[PDB]
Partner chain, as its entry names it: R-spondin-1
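Next comes just one chain, in structure tokens: the form solved without the partner chain.
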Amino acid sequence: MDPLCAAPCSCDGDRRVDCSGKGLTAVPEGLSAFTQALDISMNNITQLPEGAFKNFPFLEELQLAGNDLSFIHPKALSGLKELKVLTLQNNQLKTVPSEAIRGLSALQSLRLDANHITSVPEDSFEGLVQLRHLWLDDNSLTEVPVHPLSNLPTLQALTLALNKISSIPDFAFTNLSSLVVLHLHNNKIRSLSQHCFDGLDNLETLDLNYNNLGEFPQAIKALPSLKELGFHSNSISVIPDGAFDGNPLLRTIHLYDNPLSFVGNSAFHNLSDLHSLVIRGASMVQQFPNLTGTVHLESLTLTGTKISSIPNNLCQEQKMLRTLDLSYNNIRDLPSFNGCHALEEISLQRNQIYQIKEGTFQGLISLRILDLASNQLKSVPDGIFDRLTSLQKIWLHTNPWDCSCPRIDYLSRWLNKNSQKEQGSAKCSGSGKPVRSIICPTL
């Protein structure tokens, strides 16, 4: 028995009390009023009466998750003027308890997720002059609670994810000037009004994944601080030129699981902080994306297009490239790769490459993986693989290799000496013999 505590709870030396999972039906008695954190989650507190926390006026953290809480008296949380964190997720609240939280003027974090909230009273959040994080995810909201959110200029993170929001009107978040993170994933958003995000000048993260967007949202043009954008698993068919004109600081764009058939040639131009670009199955794309000003790209994947040409300045403009996958397009001519000193992984399988020019592989000192399978290569220049000191694995098979001597001399001898590196077998057109097995006559 702890004299400075109270059974069945547990107390530490820093005024933190753990009374979680003890079958409690009420707020514990016998504890110090100077208690700073109270964890009473995972109990059986189905209701909080008037004066519930009368003995905890100095409380800073309160965890009430995983009870089956369905009612909070308007006066249950009276006196909690030091409360910074309130945790209410995984309960049976049907409405936002606006009355009960009105006097919580020090509150910085409010978790209301995983309840069954269908409505937000128009006066919700009015007293929360310090709120920084608001979780309203995993409920049954059918709209953005516009007027309640107008009360929170200090808010930095908001989630309205896993609800049933179908549209967002003009100026829905306009008072949220401190907002940095906005989650709207797993709703049914089909309509974003032209000015729905106006006022969110500090927003760095927007998550629109798993929605029902068709037209690409022009509304994101009002997001100058945007660094991370997710709109994967929607119904977007085209990413137009100018799409990211308002977002020069974008580092991350998740755009997969969309029926993307076309992307504008300049859609990803002038994005100096963009780290990676992965676009697959945009079948109507014919020209290589204009990436002028997009100089910090470390990874690029472009597959399933009609692209037949790669710009010669690729390894100049995109010098930081570590990973390059341009497989399953229609490429015939390759650029020089000399400027790509950081390139570790290259995939060019299933194109129409018929030649490599001499001395275009000399700068590839970091190259570990080289995939040239399923092309139209009959030959390579002598000493093409000379400078590939980091090379681990190479694919050369499914090419019509001309095994005439002395044309095949270098490659046959290279593949023999470097047999551990070759994956599958480059074979001679006609005879079907492995290229490594050919010994050309010598002087």
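Numbering follows the first chain given and starts at 1.
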{"property": "316 to 324 set against 252 to 260, stretch whose average Cα temperature factor tops the other in the entry", "result": "316 to 324"}
{"property": "358 to 366 versus 291 to 299 - which carries the larger mean C-alpha B factor in the record", "result": "358 to 366"}
{"property": "Given 350, 332, 183, 81, the residue at which the Cα B factor reaches its maximum", "result": "332"}
{"property": "Lowest, middle or highest third - CA B-factor, residue 32", "result": "lowest"}
{"property": "Third assignment of residue 337 from its chain's C-alpha B-factors", "result": "highest"}
{"property": "Ranked C-alpha temperature factor of residue 69 among modelled chain residues, by third", "result": "highest"}
{"property": "Assigned third (lowest, middle, highest) for the C-alpha B factor of residue 57", "result": "lowest"}
{"property": "Entry-reported Cα temperature factor of residue 120, expressed as the chain third it lands in", "result": "highest"}
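Not pictured, yet referred to below: the form deposited with the partner chain bound.
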item	value
The unique member of 150, 167, 338, 156 whose heavy atoms fall within 4.5 Å of the partner chain in the deposited bound form	156
Heavy atom within 4.5 Å of the partner chain in the deposited bound form - residue from 345, 82, 198, 138	138
Contact of residue 90 with the partner chain in the deposited bound form (heavy atom, 4.5 Å)	yes
Non-hydrogen atom contact residue 369 with the partner chain in the deposited bound form at 4.5 angstroms	no
The partner chain contact in the deposited bound form: residue 205, any heavy atom under 4.5 Å	yes
Touches the partner chain in the deposited bound form: residue 288 (any heavy atom, 4.5 Å)	no
Residues 54, 122 and 144 all lining the partner chain in the deposited bound form, heavy atom within 4.5 Å	no
Heavy atom contact within 4.5 Å of the partner chain in the deposited bound form, the stretch among 126 to 134, 188 to 196, 301 to 309, 359 to 367	126 to 134
Residues in 212 to 251 close to the partner chain in the deposited bound form, defined by a heavy atom within 4.5 Å, in order	227, 228
